[PDB]
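What follows is a set of notes on a single structure, which appears directly below.
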Amino acid sequence: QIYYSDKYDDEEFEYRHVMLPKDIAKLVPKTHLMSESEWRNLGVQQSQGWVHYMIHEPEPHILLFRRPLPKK
Amino acid sequence: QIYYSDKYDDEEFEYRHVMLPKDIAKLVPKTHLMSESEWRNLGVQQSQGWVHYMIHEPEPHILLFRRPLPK
């Protein structure tokens, strides 16, 4: 049910969004960004270095992650 | 766009499946499994080791991948 998209990085970070089933959208905190412990609890499994950095307003069931692009 | 499911695994293999936009699902061959060269050409980006192991006719937009449990 949980789907991870392809990654897409820029000259600094590496992004990737996760698509949570809308049935679970209510379990996603609305006023604060999640911490690894939190998003890991919704069932999101991924590299520890992924950081929830922003809320996708239009579609809050779509979590927005990103991680530091090595070397610079 | 292309989406990758979560992973599960039996005793020997670690399974996962890719969901392709109906647009590219047109290009998914119906007569044979795809080689790494083939799926990568579609856009499916994954580490080597993951192999298109089974054809799923009822849903041409869902590619079933597999990998041997890491050594």
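Keeping their order, the protein sequence lines are chains A and B.
Under the working numbering, the letters of the first sequence match residues 1 to 72, in that order.
Under the working numbering, the letters of the second sequence match residues 1 to 71, in that order.
Think of the CB as a built atom: it goes at the ideal place given N, C-alpha and C, for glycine as much as any other residue.
Residue 5 (chain A) belongs to the set of residues whose beta carbon lies under 8 Å from a beta carbon in chain B.
The C-beta separation of residue 46 (chain A) from residue 4 (chain A) comes to about 7 Å, placing the pair in contact by the 8 Å criterion. The three-state reading of DSSP puts residue 35 (chain B) in coil, since its state is none of H, G, I, E or B. Per DSSP, the unbroken beta strand (DSSP E) holding residue 14 (chain A) starts and ends at 13-19. Three or more beta-carbon pairs separated by less than 8 Å link the segment 21-31 of chain A to the segment 57-67 of chain A, which places the two stretches in contact.
For residue 29 (chain B), there is no enclosing beta strand (DSSP E), as DSSP marks it with neither H nor E. For the pair residue 39 (chain A) and residue 6 (chain A), the Cα-to-Cα distance works out to about 19 Å.
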